[PDB]
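Shown below, as structure tokens, is a lone chain in the form deposited in one PDB entry; questions about how it binds or moves come after it.
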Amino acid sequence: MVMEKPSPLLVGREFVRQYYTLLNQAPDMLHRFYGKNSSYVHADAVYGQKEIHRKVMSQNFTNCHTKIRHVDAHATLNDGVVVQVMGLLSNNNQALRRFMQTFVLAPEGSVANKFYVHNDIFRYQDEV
């Protein structure tokens, strides 16, 4: 069975599902989403899979619970997809906190329809 390829919205929503699920289950594996040019800010940005992994591990994600309230995802430059996420996130069984998170997904360039995260920008509302 063949079906037309996913829209940017489906791509974005599916990525969001993958990302937050992995953040709960095995945050030590999150680094697979990133490449050498990737930028992560969760505060100076850190770059590349190695440094991003280090930053993710330093946050001590444990039993991370996420409720996504809205996802916007749109085609952007050079076949990328820009994603805006609004939701609530909990870590270490503390209270849920509202956040927004902006992603830019970019074609990975070696596999059809495969994307990596070129930009990952997260901010809690309470800190702002």
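The first residue of the shown sequence is 1; numbering continues from there. Note that the rigid core is defined as the largest set of C-alphas that superpose within 1.5 Å between two forms.
Here 29-37 and 43-51 are scored by the root mean square distance of their C-alpha atoms in 8 other deposited structures of this protein, with each structure fitted by the rigid core; the higher score goes to 43-51. Figure legend: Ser110 is marked as unmodelled in at least a third of the other comparable entries of the protein. Per the record, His42 and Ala43 are separated by 4 to 9 deposited residues that have no coordinates. In this crystal structure, the stretch out of 11-19 and 101-109 whose C-alpha atoms carry the higher mean B factor is 11-19. Per the PDB record, of the two stretches 47-55 and 64-72, 47-55 carries the greater mean B-factor over its C-alpha atoms. Split the chain's modelled residues into thirds by C-alpha temperature factor. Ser38 is in the middle one. Sorting the modelled residues of the chain by their CA temperature factor places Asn78 in the middle third.
If you look for the form solved in complex with a partner chain, you will not find it shown, but the lines that follow are about it.
Interface membership of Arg32, defined by any non-hydrogen atom within 4.5 Å of the partner chain in the deposited bound form, is confirmed.
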